[PDB]
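Take a look at this single chain in structure tokens; it is the form deposited in one PDB entry.
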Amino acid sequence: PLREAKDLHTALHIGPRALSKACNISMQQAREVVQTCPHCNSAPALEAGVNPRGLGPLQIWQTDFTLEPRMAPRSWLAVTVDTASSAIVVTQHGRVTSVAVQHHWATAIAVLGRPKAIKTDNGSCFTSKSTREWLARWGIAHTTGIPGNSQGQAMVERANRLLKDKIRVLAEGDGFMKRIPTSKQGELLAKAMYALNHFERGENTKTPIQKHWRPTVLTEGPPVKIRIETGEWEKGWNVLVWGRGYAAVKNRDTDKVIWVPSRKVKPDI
């Protein structure tokens, strides 16, 4: 008898277990009676695909900005990470003007080389005139993220937090608890850049610099078991790079390079 349950749910909106116990019912009638109310299931699947990356060195960069009170009155620092090798370049200025970004990108070019793209948020001196024609004159792409989520550039933000950690540790391990004199600004900047770049981070065997200058990239890797959207797994695919977080996979015929979560991929046979 499922229609006492029909009336009970429609008038009362009960959970399936109490419906089953309150009308002498079993699995099916309960489950696809409690589906039938659209109000009982509104949110509970929010799609989430999460994947920015670049494949080889000097392909894709990122950029954000930092307010650092210890560096007054030049507190504004620009950050730039190379997504392929996680090398960081940080510069110091007074304002967030386009000229500061000019100088910062020039120094990053002098240090790391010339990239192809720079993903980012839409700063006020950033989609500005001068920056845009100067970038066109230099001749590299420029792909702003969605205007309002400071999350599509998650790499530069994460390296931003890491740089702030390192800079504060160095500053207040050096006897400066609140702020820094004008003399030790270059000290802190150079030490932060040297510590992060030339020395490995976490568990990885490879240093950021000798990732950036002697990179390893595979041409044809192993097979994997992955998604199609069709609901669950297919095989007949290969993986290029499988980071701790998220991975890149390649077709066998279409020859696509698509960034998918590591949940999305698992080993073949």
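Between two forms, the rigid core is the largest collection of C-alphas that superpose within 1.5 Å. Throughout, we count residues from 1 along the sequence that is shown.
Keep in mind that the form deposited in another entry is not shown, yet the notes after this line are about it.
Discussion item. Once the core is superposed between this form and the one not shown, does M27 show a C-alpha displacement of at least 2 Å?
Written reply: For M27, whose C-alpha is compared between this form and the one not shown after core superposition, the shift is 2 Å or more.
Worksheet item: Does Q210 move its CA by 2 angstroms or more between this form and the one not shown when the core is aligned?
Response: No, because once the rigid core is superposed, the C-alpha of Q210 moves less than 2 Å between this form and the one not shown.
Fill in: Core-aligned CA displacement of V260 at least 2 Å between this form and the one not shown
Stays below the 2 Å threshold, so no.
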